[PDB]
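Chemist: coords below, sequence missing:
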């Protein structure tokens, strides 16, 4: 019982709080893409790929958190 | 009892705190869209689709948190 | 008793902390609307609808948190 | 006893931490109003109503947190 | 004993953490007042009343937190 | 014992975490004073009193937190 | 049981919360890369390597957190 | 034992978390001093005293936190 | 058992949460390096060494946190 | 046992979370140094000493946190 | 102020105001107006005389 | 009811002092050192007027001046050393006259102007605008209560502040700390009273602008 | 699209004049167009043809050498 209870509490802790960092970080990047393209429209095809790379790297940090969450829930 | 109590505490933890990251991140993006369009109105149809993409990617991080919350509540 | 105590603690956790993200995010958007309209007054009818869309999407993240809170309190 | 103790802890948790988001968010908006009016004084009657709308929407997120707090204390 | 211990822990939780939001938010507003007046000195009597309104609305969110704290300590 | 232990934990909670908000907020204001005076040196005697007012209002939010801390320690 | 429960709670704590710092920090860097290239397109091959170095150094801080998480789960 | 354990936990809580606010706030001020002097070098002897005043006021908020920490450890 | 459980919980706490500060801080510095070099490309060999110094000083704060984590895990 | 367990938990709490404030604050300062020198290269020998002073004052706040951590671990 | 002392304290305020208006405002408002009418008067005379 | 009745007696005495001092020093002298200050009060009060200006100008002008005067009574207790059962429920009493008078005040503008002849209509297309009654109703109730909540909150915050600074000062055997606190707290107090007049002016300029 | 009071001018020669209620032109630092109701501001723009909708829906790309408009 105590070990199972600890798994469910641990899953909640690791899943939610760390994933806030990309929720913010993915948005920071898209705000930079929008502001950069608004200031200089000709630079769109140069910086759009940078935005995708950057969003995926930020999204990988939560996917790590989610991975630990799923291990705690199902492993 | 202890396992059930742990589920309800874990559901609260994973649901609320992580979802703050998109509450902020969705807003960061729309602020960039509004400021970019105010500075350069002709760039509206170019950056509006970027804002939608970006909002959905930020919103997916909480939907992960909410998913763990619902698993803890109902799975 | 332990399950009921866990419900009330969980309700407090999921209700308050996650809702901070829109309290900030709704404000971020309105600050962008005010600054964008101050810089370029003619863009008001274009960006006001964007602000409403964006505020509602940010407000939906807490409403998710509040939903889990109410489930814990009353479901 | 355990249920009553959980109510008082839960009331503290949901009341204080979530209300920080509007304490910040109400201020973010008024800072945008002050900076927008300083940059362009003629736009004051246009953006003051926006500031009030926006402050009230940000203040509603804590009022949700406070509502859960009062339910835990008195319901 | 357990109920009394829960009151004192709950009082600490609701008092301190939520009040951080105005500690920051009152400062955000005064920084906007100072920067707006430095950029345009003639706008001082217009934006000073806005700063006072805004500071009081931000300060009301902690006063809510403090109210719950005092209820837990003395009610 | 349990009530005394709860007092000492509660004192730590309410004292430290909330006081972070003015540690940041007092600094935000002085940064605005320094940047405003650097941009426009003639506005120094106008905005210095604003900085003092604003610092004291931000410092009052922690002094509330500290007050609850001292009540828990000594009342 | 108690030691095993502590491992699973500790794994959740160290995995999720610290990894938020790079989720934000990787995004901060890519936003600087996008804004710098939008302002000055000729500086792209100079600052892109800086962005990669910087992203990897920020990502190493969570990888430390994740390392402690995995030690707690599997060591 | 329980009271002594509560003192040591409370000392850790009040010492570390609140002191983060000046760690950030002292830095915010020095960044404003450096940026203000870089923009306008002739304003150095005017704003350096402001930076010292402001750093000391921000540092006093943690010194309050540290004071409660030391009371819990040694009083 | 209780002491061992406390070690594993303490290791998670000190490892993850404090290391967020450099995850953010290392990124803040590299964003300043990228933006400074984009604005003025000739200043690259002057500010790159500053960025390295600054990244290492920010990274030392988590390495302190990690050190306490490893002491708790293995000492 | 309970007192020893409380020491190890308290050491983790005070060590990690407070040290995040300088991890961020040391970086804020170096970003200001880099941006100030990029904007005005002739001001380098004036503002570099300011950056060192400021970094050391920000680093002292965590060293306080670390001091409490080491007292809890070894005193 | 378990009962009724708060009541007395407050009534003293309300009546205090009424007494100000009836008496002070006659003594205060009028007594103070002298400098307004005076400075205003000497200045006005100056301006008109100079102009004509 | 010494700790109680004695308290209401105390605050009553202060308010009387306000009343008489008004007409008495007002017939005289002031004079000039006095006259010029009276100019600060009345004229700054006029600049403050514009803003709300004409509606309550006698009504609110006389009031706010009396509010500084009566408000100084707390400074008197702080000024004392610089033991109770005047000023505890005399301070509660002031919070009651002020806050109670504020709840009264929403009504006084209500009947004084519509405002209240129109305030019954507050629901309005505004409760239709905004079509839900929960918004408009929760809003208005939160307004009426909120006016009392704010004004009373300020009053009690002030009184409490007095009590606390008093405590810190009095208990400690070492004088220096008590002094530094009390001086700082004193600047605090003056700021607080002016802030009160400002708050009256804020509720009032509200009233002129409110609805 | 003609605006209200607009002219393209040098002391040497006024290039255009009268109102233009829409003007596509590339600001030196950012995107540029004309549409009424924006606030007063000053800028310079890189050289190039500027396609501007003018009165009675006249519209034309006007080569800029760039300069402060």
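Modeler: Nice, I can see it. Numbering: from 1, shown residues only, chains lettered A, B, ... in the order given.
Chemist: briefly note if the longest helix along chain K comes near chain L.
Modeler: In chain K, taking DSSP state H as the definition, the longest helix is helix K:30-51. Yes: using C-beta under 8 Å from any C-beta of the partner chain, we find that helix K:30-51 touches chain L at K:31, K:32, K:35. To be clear about C-beta, it is placed using only N, CA and C from the backbone, and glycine gets the same treatment.
Chemist: next, the buried residues of that helix.
Modeler: Within helix K:30-51, the residues that count as buried by 16 or more other C-beta atoms under 10 Å in any protein chain shown are K:31, K:32.
Chemist: which other helices and strands contact that helix?
Modeler: Helix K:30-51 makes packing contacts with helix L:32-49 when contacts are defined by 3 or more C-beta pairs under 8 Å, 6 or more residues apart in numbering or on different chains; DSSP states H and E.
Chemist: could you pull out the buried residues of the helix it packs on?
Modeler: L:38, L:39, L:41, L:42, L:45, L:48, L:49.
Chemist: please see if that helix touches chain K.
Modeler: Yes: against chain K, helix L:32-49 shows contacts by C-beta under 8 Å from any C-beta at L:35, L:38, L:39, L:42.
Chemist: over to stretch L:11-19?
Modeler: Yes: counting by C-beta under 8 Å from any C-beta, chain K has neighbours in stretch L:11-19: L:11, L:12, L:13, L:14, L:15, L:16, L:18, L:19.
Chemist: okay, angle between the one helix or strand the second one maps to and helix K:30-51 too, please.
Modeler: Think residue L:12. According to DSSP states H and E, residue L:12 maps onto helix L:7-25. Angle between the axes of helix L:7-25 and helix K:30-51 is 40 degrees (criterion: axes from the mean of the first three to the mean of the last three C-alpha atoms, to 10 degrees).
Chemist: grab the most central residue of chain M for me.
Modeler: residue M:23 (5.1 Å; C-alpha atoms, centre = their mean).
Chemist: is it bridged to anything, and to what?
Modeler: Beta-bridge partners for residue M:23, by DSSP bridges, are residue M:52.
Chemist: the helix or strand containing residue A:44 near chain I at all?
Modeler: Element membership of residue A:44, judged by DSSP H and E, is helix A:44-74. No: counting by C-beta under 8 Å from any C-beta, chain I has no neighbours in helix A:44-74; the shortest distance is 8.6 Å.
Chemist: for that helix, buried residues please.
Modeler: For helix A:44-74, using 16+ other C-beta under 10 Å, the buried residues are A:44, A:46-47, A:50-51, A:53-55, A:57-69, A:71-73.
Chemist: report the distance from stretch L:71-86 to the chain centre.
Modeler: With C-alpha atoms, centre = their mean, to the nearest Å as the basis, stretch L:71-86 stands 17 Å off its chain's centre.
Chemist: buried residues in that stretch?
Modeler: L:71, L:72, L:73, L:74, L:75, L:77, L:78, L:84, L:85, L:86.
Chemist: cool, stretch L:108-120 as well?
Modeler: L:108, L:109, L:110, L:113, L:115, L:116, L:119.
Chemist: same thing with stretch L:146-158?
Modeler: Of the residues in stretch L:146-158, those buried (16+ other C-beta under 10 Å) are L:147, L:148, L:149, L:150, L:151, L:152, L:153, L:154, L:155, L:156, L:158.
Chemist: list the buried residues for the helix or strand containing residue A:6?
Modeler: Assigned by DSSP H and E, residue A:6 belongs to helix A:2-39. In terms of neighbour count (16+ other C-beta under 10 Å), helix A:2-39 has its buried residues at A:5-39.
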